[PDB]
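Trainee: Before we start, here is the structure in question, set down as structure tokens.
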Amino acid sequence: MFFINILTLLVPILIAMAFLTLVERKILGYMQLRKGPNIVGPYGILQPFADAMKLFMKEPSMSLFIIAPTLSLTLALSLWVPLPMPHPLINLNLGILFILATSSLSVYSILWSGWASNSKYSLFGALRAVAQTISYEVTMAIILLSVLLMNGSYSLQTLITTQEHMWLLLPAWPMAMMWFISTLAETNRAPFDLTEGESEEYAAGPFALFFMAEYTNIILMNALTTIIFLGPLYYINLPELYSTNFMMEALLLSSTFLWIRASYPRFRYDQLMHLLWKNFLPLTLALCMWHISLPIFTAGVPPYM
Amino acid sequence: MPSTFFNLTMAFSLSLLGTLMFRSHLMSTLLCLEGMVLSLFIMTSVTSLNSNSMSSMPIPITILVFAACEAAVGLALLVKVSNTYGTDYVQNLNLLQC
Amino acid sequence: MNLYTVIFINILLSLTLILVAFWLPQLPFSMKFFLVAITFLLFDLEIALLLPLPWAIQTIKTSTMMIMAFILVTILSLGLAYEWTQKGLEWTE
Amino acid sequence: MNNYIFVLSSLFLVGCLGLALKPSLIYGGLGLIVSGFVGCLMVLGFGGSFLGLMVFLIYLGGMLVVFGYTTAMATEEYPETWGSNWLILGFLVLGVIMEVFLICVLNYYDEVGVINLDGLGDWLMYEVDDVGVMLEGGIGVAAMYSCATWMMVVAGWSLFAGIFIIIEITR
Amino acid sequence: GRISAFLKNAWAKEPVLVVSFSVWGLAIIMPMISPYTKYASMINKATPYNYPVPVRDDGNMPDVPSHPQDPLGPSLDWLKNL
Amino acid sequence: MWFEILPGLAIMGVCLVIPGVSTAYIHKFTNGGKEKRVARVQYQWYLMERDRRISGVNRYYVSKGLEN
Amino acid sequence: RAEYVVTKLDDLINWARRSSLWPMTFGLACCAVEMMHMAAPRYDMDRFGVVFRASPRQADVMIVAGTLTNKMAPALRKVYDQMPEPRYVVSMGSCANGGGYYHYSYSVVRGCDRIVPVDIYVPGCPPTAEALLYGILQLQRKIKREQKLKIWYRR
Amino acid sequence: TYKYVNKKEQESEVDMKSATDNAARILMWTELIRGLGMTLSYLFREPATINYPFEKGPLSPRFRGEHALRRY
Ligand code: SF4
């Protein structure tokens, strides 16, 4: 049974990541007025397998070389375990903290790659990206520490029974405007993808692994938003309906990422760290204090079963 | 409990040896300090959760924060040293003997 | 046992992928970075102090938790503003 | 899965031992990360979920990250590797053999003291509130906001001062 | 006048800080104002995470009731009437 | 035009919908029509171990009723 | 059988190396505006599973476009050595096939085929993006007509 | 007949209304959202792409490509 469930949780998400690469290519093409892949197969549903075969065909410290990508991918996959859809695979109180930990770790891979590659050129960008990722994960954590006071438990099931009536966006949107952005930094996506913008050491295989984990994290952060700030409908007789609406909103966010990647330019590193340290951190602290006071100058102090 | 506890104390002693004996570096010493701190935090939380005591739990948090700050200033000093000599070695500190 | 199974499965899958990859074919300092890492620490420690609110709030001394939270946040912001004014967030060398 | 805690303990021992036998820092930091992982898992097996996750989130994510950061940006693993790692590896092997035989010696003199091996699985949890909510370390760590406020204010001051201290140092 | 001019400037130059400080003030200040604050402590005192050990009647204490469903004890009806 | 992305959109949709219903129906098949109980505390675990002890089968997905 | 399915497997792996083509667009000069016009909408390079641009270490094909001087030869040979096997090449323009209008000059490499090998050639000054696509399809076919597994299994 | 770009016709005002609009555009990102809308527009349009081997671009009789000697 359990192995069956883990397969259902791991194989389809890899399939979806591949077809997500596809969807990216297609939407970017349609926004740049071109088509996109329409040839390898009907409307381009084989280009991903083509890329996989090609990469695994390409020729090339083994310790770091292997542990880094493996580590990143394993973390990205484990991140999925504790999610409710609607009843989760692993119900863990403190699940979102487990999420944050396993999302922050990959910095170790990013850093080992650099410390191995003697290239000063490589350490340059490695340090830069590591610092930006760290600094944005900080706020990624504080936002949850400021919202979850609405449900006095770090669980991920209580979110649903909370949002039963209303969502979590009509309030807290001063945060969603952030949690929908830091997610564009930890992922090193645009407009913060400088780590892939300024180039002057990832082989084919490890590059495939890095990219797999990157797009997995994309899907997963979008799902986290759809669960936290966009509460679905939990009518207990319709777990199917829950999963369906969740799918819809996840796809919507994953296409918003692409609207962004197409439209905007990239941020200059200094301008970016300025953005964070001088626009989001003060607001973040003040809004956390606000949501700390709310359940005191209002009866809305929630329970802990 | 007793077995794991004696082993944690052994690990503390080993970090002690690591700090009290060098191999021509400084980051090794500081990392051994961190190992000490980890073993201590663990032993304290274990003692607490085994006694079922709660009010005594803030102590691991406190000492962990203090170890973080301590190692931070230690790294700052290491960095000043490297940037005023040219490296983080230990045999460069032959001064002050006069 | 469950998380053990899942993690071993994920690791073994990744290693199968990498083994396939390997078989199928046949510097000065920048004080700013250290300062940023230090800010990151001195904020993670605040986070460790600050997480327990979802259980510190259901107690009876609201007049105490409210206060201590405000205190931590405001003094941290004071330290931040001082770092700013003394130019730890400028990046121009 | 009865030897669980003893195994995690031996692995923490070995991590601290690999740090005490100072190797190249790149292959010592891995030992430290393993040490933290295994210690957190021990805490979890005992029941301090909050504490274990706090560790995962702060120690690793906060301290080891910056340790590697600073090390790389301010260190060079000069060619001191005259098979130093390959020597201290066999030295570690000899030490671990010493320790295995040391415990197999102790267990004779001391039986119900140092270690109870025949009944190792026993003697981890002693009592527990079967019908009791609100018995997780979250409450003890939340104490600081109602009672024991001195801890919180002292840590706050430690940071409030560490900022100034670091900056005044670096210049 | 100087204050008004400074704020008319900041509200275009750097609003972020204005928003932050206003939120901070609101948070520090409203709890002293609103009437629905004490009710939180009342609630979290009412919530029985433990068992209410009873007592004997070797005296003439008339306050405590001989039965739960009786009315002689501390009520909280305002909770549902909220 | 823009109606050529559905052969990837629907694919991702189904392959993100499968895990949820998979988990639900599987938990239900195991625990006999009722979902998997959860224990955030020792209370619910005591209830579950009690039901296990009295199941007569040593499994907790059996609710007895009043015929015991 | 064995040889039948071996031929089929080779055809499939060629399917891969034929669809998932990634170029390094080493465009030095005015045979570059045309690569860009090609990756533009009206021909849409990507349509054939051929990305606009990408770094060498993960690339498969290499499009030379422009005069190949004696100062940018070394760099080019360096790139073609760094790139991972297999590595296909495509010369795009007179200047890079035979030195074009600068053949008889002193600071030109009279043919990129001296520095590096070649698998396809394309004429022009400039060419037309359509002719460039035709060259790339000739390349796809020069791929699909390979029998590595057969030659190994009869080595 | 020269001109002037990137310059206001005169000194600006300090109106609370103008500061309000500035603050809004700095917070809620009106212009960025407008850019997203433009990308959406072009998404919902017809693409100029063509299938080369089955459709070939336009030209004029004056082309210049492969060579050809001729005959009477
Ligand atoms: S062949 Fe003509 S178009 Fe091409 S690079 Fe040379 S001069 Fe430019």
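Going by Swiss-Prot, the residues shown for chain G are 70-224, listed in order.
Looking at the header, which is where the method is noted, we find electron microscopy, 3.8 Å.
Positions of Cβ are set from backbone N, Cα and C atoms, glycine also.
Features from Swiss-Prot:
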BINDING   G:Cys99, G:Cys100, G:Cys164, G:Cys194  [4Fe-4S] cluster binding site
Trainee: When you tally the Cβ atoms that lie within 10 Å of each candidate's Cβ, which of the binding-site residues (G:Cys99, G:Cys100, G:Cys164, G:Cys194) has the highest tally?
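Mentor: Per the Cβ count, the most surrounded site is G:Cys164.
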Trainee: Applying an 8 Å Cβ threshold (strictly under) against chain F, tell me which of the binding-site residues G:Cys99, G:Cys100, G:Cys164, G:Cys194 fall inside, in sequence order.
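Mentor: Answer, by Cβ distance to chain F: none.
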Trainee: Inside 8 A of the center formed by the CB atoms of G:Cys99, G:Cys100, G:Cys164, G:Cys194, which other residues of the chain have their CB, for the recorded [4Fe-4S] cluster site?
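Mentor: Sorted by sequence, the hits are G:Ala98, G:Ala134, G:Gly135, G:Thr136, G:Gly162, G:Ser163, G:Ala165, G:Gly169, G:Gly193, G:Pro195.
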Trainee: According to DSSP, folded down to helix, strand and coil, what is G:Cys164 ([4Fe-4S] cluster binding site)?
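Mentor: Assignment for G:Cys164 ([4Fe-4S] cluster binding site) reads helix.
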